[PDB]
Amino acid sequence: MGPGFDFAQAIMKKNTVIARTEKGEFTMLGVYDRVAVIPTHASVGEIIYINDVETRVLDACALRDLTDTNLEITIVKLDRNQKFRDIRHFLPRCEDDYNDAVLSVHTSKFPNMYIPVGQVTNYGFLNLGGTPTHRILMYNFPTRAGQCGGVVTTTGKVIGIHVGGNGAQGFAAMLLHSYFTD
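Residues numbered from 1 in each chain as written, not as in the entry; some residues may be left out. Heavy atoms only, no water.

S.K.: Honestly, the overall build of the protein in this entry has me stumped. Any pointers?
M.R.: Assigned secondary structure in the protein consists of one helix and 12 strands. Going from the N terminus to the C terminus, the protein shows its helices and strands as α-β-β-β-β-β-β-β-β-β-β-β-β. Scaling as 2.2 N^0.38, a compact globule of 182 residues should have a C-alpha radius of gyration of about 16 Å, and the protein matches this with 15 Å. Over its C-alpha atoms, taken along the principal directions, the protein stretches across nearly 40 × 40 × 30 Å. The proportion of buried residues among the 182 residues of the protein is 52%. (Helix = DSSP H or I, 4+ residues; strand = E, 2+ residues; numbered from the N terminus. Rg over C-alpha atoms; globule rule 2.2 N^0.38 Å. Buried < 20%, exposed > 50% of the residue type's maximum accessible area, 1.4 Å probe, protein only.)

S.K.: Help me understand the packing of aromatic side chains, please; the structure alone is not making it clear to me.
M.R.: Each aromatic ring pair is specified by the distance between its two centres and by the angle formed by the two planes. All told, the structure shown has three aromatic pairs when counted by the stated rule. Relative to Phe90, the ring of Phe7 lies with its centre 5.3 Å away and its plane at 85 degrees, an arrangement referred to as edge-to-face. Taken together, the positions of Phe7 in helix α1 (residues 3-15) and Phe90 in the loop between β6 (70-78) and β7 (98-105) put the pair 83 residues apart, joining distant regions of the chain. Using a relative accessible area of 13% as the deciding quantity, one classes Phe7 as buried. Positioned above the aromatic ring of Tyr32, the side-chain terminus of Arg88 is 3.7 Å from the ring centre. (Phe/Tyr/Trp six-rings, centres within 6.5 Å; stacked < 30°, edge-to-face > 60°. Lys NZ or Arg CZ within 6 Å of the ring centre and 35° of its normal.)

S.K.: Explanation requested: the domain arrangement of the protein in the structure shown.
M.R.: When the parts of a complex come together, some accessible area is lost, and that lost area is often taken as the interface size. What the domain assignment lists for the protein is domain 1 (1-15 + 85-182) and domain 2 (16-84). Measuring from the centre of the C-alpha atoms in domain 1 to the corresponding centre in domain 2 gives 16 Å. Taken together, the contact between domain 1 and domain 2 spans 35 residues of the former and 26 residues of the latter. Summed over both sides, the interface of domain 1 with domain 2 buries roughly 2,400 Å², with 66% coming from carbon and sulfur. On the domain 1 side of the interface with domain 2, the three residues burying the most area are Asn15, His134 and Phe180, jointly 22% of the side's total. Counting every contact that joins domain 1 to domain 2 gives zero salt bridges. Summed over the shared surface of domain 1 and domain 2, the number is nine residue pairs in polar contact. (Domains from an automatic or database assignment. Contact = heavy atoms within 4.5 Å. Buried area = accessible area lost by both parts, 1.4 Å probe. Salt bridge = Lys/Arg side-chain N within 4 Å of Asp/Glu carboxyl O. Polar contact = N/O pair within 3.5 Å; in protein donor to acceptor, adjacent residues only side chain to side chain.)

S.K.: So what exactly am I meant to see when it comes to the environment of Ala36 here?
M.R.: Relative to the helices and strands, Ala36 resides in strand β3 (residues 35-39). Residue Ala36 is classed as buried on the basis of its relative accessible area of 0%. Distance in space between the C-alpha atoms of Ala36 and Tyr179 is 11 Å, their sequence separation being 143 residues. Once residues within four sequence positions are removed from consideration, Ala36 is found in contact with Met28, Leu29, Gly30, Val31, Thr74, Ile75, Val76, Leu78 and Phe84.

S.K.: Quick question: what am I supposed to make of the pairing of β6 here?
M.R.: Burial of β6 is extensive: eight of the nine residues sit out of reach of the surface. In this sheet, β6 lies alongside strand β5 (residues 53-64) in antiparallel orientation, the contact comprising six bridges. Note that in β6 the partner of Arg64 across the bridge is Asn70. The antiparallel hairpin formed by β5 and β6 contains five residues in its connecting segment, where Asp68 sits at a positive phi of about 65 degrees. (Pairing = 2+ DSSP bridges.)

S.K.: Sorry if this is basic, but what is going on with the nonpolar core here?
M.R.: What tends to happen in soluble globular proteins is that the nonpolar side chains get buried as a cluster. Residues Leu29, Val37, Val158, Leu175 and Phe180 are the most contacted members of the largest nonpolar core, which totals 29 residues. Looking at this core, the elements with two or more residues in it are α1, β2 (24-32), β3, β6, β8 (113-128), β9 (131-139), β11 (157-165) and β12 (170-174). Residue-level mapping places this core at the junction of two domains, with at least three residues from each of domain 1 (1-15 + 85-182) and domain 2 (16-84). Ignoring sequence-local partners within four residues, the contact set of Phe180 consists of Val31, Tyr32, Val35, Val37, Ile75, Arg88, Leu91 and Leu175. (Core = buried A, V, L, I, M, F, W, Y, C linked by side-chain atoms within 4.5 Å.)

S.K.: How do you make sense of the pattern of salt bridges when you look at a structure like this?
M.R.: Where charged atoms from two side chains of opposite charge come close, those side chains can pair. Tallied over the entire structure, the rule returns six salt bridges. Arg88 is the salt-bridge partner of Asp86, the closest N and O atoms lying 2.8 Å from each other. Notably, a salt bridge pairs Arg135 with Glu95, separated by 2.8 Å at the nearest N-O pair. Of this pair, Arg135 sits in strand β9 while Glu95 sits in the loop between β6 and β7, and the two are 40 residues apart along the sequence.

Right, dumping it as structure tokens:
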């Protein structure tokens, strides 16, 4: 409808796949080469389904900060025959607040879904399903089951992936450029 949705659509059309684990179906953001991200509570194993095709996982790393606190981001390298468009230049370098964000989801339950969530706060610490978690972004939108792994964007930046909500607020794990240096 506007330039926020235009940026979000450009990311969804080229840089997302549908990932299925034993824990459900998730929006999965491809970042560069065969490297993608998913919420850690997806419990990625040796094998994952990518757009309903059996795919070997070459590597999976559940990120934690230097105090050994959960960040809720798992970085997966997929045994796929094709690379993602490199979008690392759209990742923020530092923790920050944002205006006018969009949350975009693409699954069997929620195809081509886009939500204008508005203002995004650097919330920081969250007890997420009982797990102390850092680098959480918060938006005042009543997000629901089916949205985990959804991409949070502003115009020109990919800032996070949706990992939970409390019925009134939604919560994303930050994406930082430093997670994806090679």
